[PDB]
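Same protein, same chain, two forms; see structure 1 and structure 2 below, as structure tokens.
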Structure 1
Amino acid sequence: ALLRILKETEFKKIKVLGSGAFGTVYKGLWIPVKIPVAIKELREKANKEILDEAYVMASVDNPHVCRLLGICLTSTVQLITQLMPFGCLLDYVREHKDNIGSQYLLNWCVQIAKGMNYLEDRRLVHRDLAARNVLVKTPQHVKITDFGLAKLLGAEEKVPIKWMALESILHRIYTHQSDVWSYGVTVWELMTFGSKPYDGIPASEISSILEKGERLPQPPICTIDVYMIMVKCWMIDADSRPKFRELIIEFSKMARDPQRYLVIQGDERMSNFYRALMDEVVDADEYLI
């Protein structure tokens, strides 16, 4: 079964990871061997529609995209997926604000770009792409998660405002090109090692400054070449923004000569922590082999 219907006794929530905008995520074990998993319990028979979108979250198959392993429909709804041992990309760059070289930064951009392009091939608009919604399987590989939920929970029926495209803020219009805007902010978050976008500025005034032409500032380590891509992602005209397929090629090219596009001191010179962090056993990987 592509979307496993887990019985309440099959898994157990052990600790709290964090509270999101759609629900609370827990880390735990899945006993079909014990499999370390992340369990998302949504905030609030209608499960028919839920199972439908849930299916999409489970049918994705790409190395840069998280896959839903199962669902549990009791009073509330619980989504179960493989636990990403390094947590989310946002906290990761924050913690390693130093020891992170241009090679990693660019490789992540490529990876996230591949994941988004893949979702575009499945005609799936993410709607909530951000550094906090990118997981770290290993420092070498990251994966996009949390897609599908926005739509499911009524994102386009009568608020990540700082990651949203102008058209999304004003008209609830979400397309693959609105995802490209969010992609731009996500990249900005990486390059600034986790800065908060438009920090300080009130959400209600964002559409206003965007219309004025204001955009997130050029990250210190970025050559104007990398920043132009970010700016191009934030164009009012959605069709003028880069395509994920083009972003893949551009960031991949930049990844061949990282020190030419990103200027970080000591770039060249650039485990137990996450064990004591996440450890409460076979990877969902081995088990699902």
Structure 2
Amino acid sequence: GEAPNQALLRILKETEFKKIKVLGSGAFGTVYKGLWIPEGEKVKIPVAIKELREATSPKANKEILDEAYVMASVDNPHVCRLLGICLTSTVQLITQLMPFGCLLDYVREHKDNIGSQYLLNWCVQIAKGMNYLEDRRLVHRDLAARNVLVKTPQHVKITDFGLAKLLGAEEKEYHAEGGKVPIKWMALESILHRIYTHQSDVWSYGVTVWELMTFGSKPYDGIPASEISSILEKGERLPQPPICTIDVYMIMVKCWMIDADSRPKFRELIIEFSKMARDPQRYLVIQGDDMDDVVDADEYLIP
């Protein structure tokens, strides 16, 4: 009927890995930094380890396993993959450590040393990842700079598949109900009708690029999420970032068309940003890449 999912769900023993330190916490639970050491091999693998909490909510435990299902079912250099789970009191997700954290925080606390080459290359890698997920028939539903991680400054990957959904062969869209999805990153049709498609992800990709080009600005910074529906319907969109040529900003705008099919496909976004990456300073203007009358004392010879 459909292609059987022959992904392997690896079950790992707790004694095989060591939590070095906590990385984060909040509503999602807690994430740890650690080393995984398979007993047989002579290897030590840096890993991130995620668990919920001391309590076990019926609905919440089910959803971490859904997240494991999707992460176990993906294999791509620009997508984060599940290494395994550990069946402790509460289930643990084990993944490759992405030491430099989320891309949102990275662009924020490195503004001054991020060049056009890096920005446009990140855009290419995210598009490649999203394109892979489209081939795999997966709709992410939560693509944002915050859900892209940095393995190295020159290599990023998409993660956070907690809202992701797999589409059938004879199925073009997913219909949500529960809601509670980040509104400022989702397409109008998703806000209006709970419709999610690969083209809905393209909208979110558009917003993600805006975040990168503004070095981590909050979209619609002074606007509550209730109003977002109205302003999009009016034709209002995120503004052109200072560093963005009309060339780049036109790409971003096309991702936010009302007609979903009029938006570009991820495969096209790979091409366009890739072309731009060959001559990056032609497409992004960044003053790096408090006075200009300053001169060093030994280029000032005594008159």
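Only the largest set of C-alpha atoms that superpose within 1.5 Å between the two forms is called the rigid core. Each residue is numbered by where it sits in the sequence of structure 1, with counting from 1.
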Position with Cα shift of 2 Å or more, rigid core superposed between structure 1 and structure 2, options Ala255, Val56, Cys222, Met230: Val56
Rigid core fit then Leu149 CA moved by 2 Å or more between structure 1 and structure 2: yes
CA of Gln140, rigid core aligned, shift of 2 Å or more between structure 1 and structure 2: no
Threshold 2 Å Cα movement between structure 1 and structure 2 at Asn99, rigid core reference: no
After superposing on the core, C-alpha shift for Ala21 between structure 1 and structure 2 in angstrom: 5.9
Between structure 1 and structure 2, C-alpha offset at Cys72 (rigid core aligned, Å): 3.0
